[PDB]
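The block underneath contains the structure these notes are about, expressed in structure tokens.
Numbering (UniProt numbering), first residue to last: 90 to 419.
Written as structure tokens, this is what we have:
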């Protein structure tokens, strides 16, 4: 089997991407944030505290003939941005882009933090990291990908995120028309439950490539590119007037700037992030100070190849017995 679904930016900055997912019988379609940095499929639901719902579409298990309470199971998750959610669990039929999993754990939110409530466009998350990070207790649950894997033509999914445009998540096949040149594959460590890999270095603009190992995670659920302070300082030093602002929470730059590109290494290959992808616009409405899309990972504890980086590539998440990651230009 295979699946193919379009993923759409939630706003004009590509802050996140939503992908329609069918849950239950008859189908209830919710727009979920596919997140390769976590491993829970959770949804706004008929059980979510009413004051914490503001415009989201909810899953109502009582209206699904295939829903079954997973008795005794609870979940609770906290994300790197400080947001959180928790609740109980049902199993139900879940389909993405024509690919159907029966008995998928659907984690029903009883509580969500304010950032979730305030984002009316995101109806929940669909985790695509390794199932060892799943938070369901006392019986840990498998991700949608893990459940689908054995039925897939090939044990892979791909992320093809758009810049200010829709893109695609495919399951079970590699669309050879969706990228240019060849795919370069690189080793993955699953030790921390993430799609963790080591970039071979970077360049700023038309500058020379610096060969240096940068361990980080491929994370579709993080907006920005978070890298070591040395690397980030070298990038922003090439933008007149750019500075790190503790008051704003990272690097800002004059909105009048033209940003240089940023290149990262994948083995001997190179992925170029155009300067425009690094512009996240005014820090507040009407400001002439703009927020940067490359920020320091210092104090996160891990480097994160988020959407800024991933949307510059066609990315293969290879879930074979020995997982790997592939990157192609597009």
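We put the beta carbon where it would ideally sit given N, CA and C, even for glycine.
Unbroken alpha helix (DSSP H) run spanning residue 174, endpoints = What you label residue 174 is simply residue 85 of the chain shown in a count that begins at 1. Not the alpha helix (DSSP H): residue 174 falls in the beta strand (DSSP E), residues 173–185.
Report the three-state DSSP secondary structure of residue 215 (helix, strand or coil).
-> Here the question's residue 215 lines up with position 126 in the chain shown. Strand, per DSSP.
Kindly identify the DSSP beta-bridge partner or partners of residue 125.
-> Translated into positions along the chain shown, residue 125 becomes position 36. According to DSSP, residue 125 bridges with nothing at all.
Could you tell me whether the region 164–177 touches the region 117–131, using the rule of 3 or more Cβ pairs below 8 Å?
-> Yes: the two stretches touch, three or more of their Cβ pairs being nearer than 8 Å.
Under the three-state DSSP convention, the category residue 368 falls into = Residue numbering aside, residue 368 sits at position 279 when the chain shown is read from its first letter. Strand, per DSSP.
So, residue 396 versus residue 312, is the Cβ gap smaller than 8 Å?
-> The sequence position of residue 396 within the chain shown is 307, counting from 1. The sequence position of residue 312 within the chain shown is 223, counting from 1. Contact: yes.
If you draw a straight line from the C-alpha of residue 134 to the C-alpha of residue 288, how long is it?
-> Translated into the one-based positions of the chain shown, residue 134 becomes position 45. Translated into the one-based positions of the chain shown, residue 288 becomes position 199. Going by the C-alpha atoms only, they are around 39 Å apart.
Assumed close pair residue 415, residue 272 - CB separation to whole angstroms, cut-off 8 Å | Start at 1 with the first residue of the chain shown, and residue 415 comes out as number 326. Start at 1 with the first residue of the chain shown, and residue 272 comes out as number 183. That pair is a contact at about 4 Å.
CA-to-CA distance, residue 329 to residue 223, given in whole angstroms = Translated into positions along the chain shown, residue 223 becomes position 134. Translated into positions along the chain shown, residue 329 becomes position 240. Spanning the two alpha carbons is a distance of roughly 44 Å.
Bridge partners of residue 342, per DSSP?
-> Along the chain shown, read from residue 1 onward, the residue named residue 342 stands at position 253. Looking at the DSSP assignment, residue 342 forms a beta bridge with 379.
Are residue 294 and residue 350 close, meaning C-beta to C-beta below 8 Å?
-> Locating residue 294 in the chain shown gives position 205, where the first residue counts as 1. Locating residue 350 in the chain shown gives position 261, where the first residue counts as 1. Yes, the Cβ-Cβ distance between residue 294 and residue 350 is below 8 Å.
So which of 278, 233, 305, 173 has the shortest CA-CA distance to residue 190?
-> Sequence index remark: in the chain shown, residue 190 carries index 101 (1-based). The candidate whose alpha carbon is nearest that of residue 190 is 233.
How would you label residue 358, buried or exposed, when you count the other beta carbons within 10 angstroms and need 16 or more for buried?
-> On the chain shown, position 269 is the one that residue 358 refers to. Burial call: buried.
Could you tell me whether the region 307–327 touches the region 381–400, where touching means 3 or more Cβ pairs closer than 8 Å?
-> Three or more pairs of CB atoms, one per stretch, sit closer than 8 Å, so the region 307–327 contacts the region 381–400.
What separation, rounded to the nearest whole angstrom, lies between the Cα atoms of residue 301 and residue 291?
-> The residue given as residue 301 occupies position 212 in the chain shown. The residue given as residue 291 occupies position 202 in the chain shown. Going from the Cα of residue 301 to the Cα of residue 291 covers about 8 Å.
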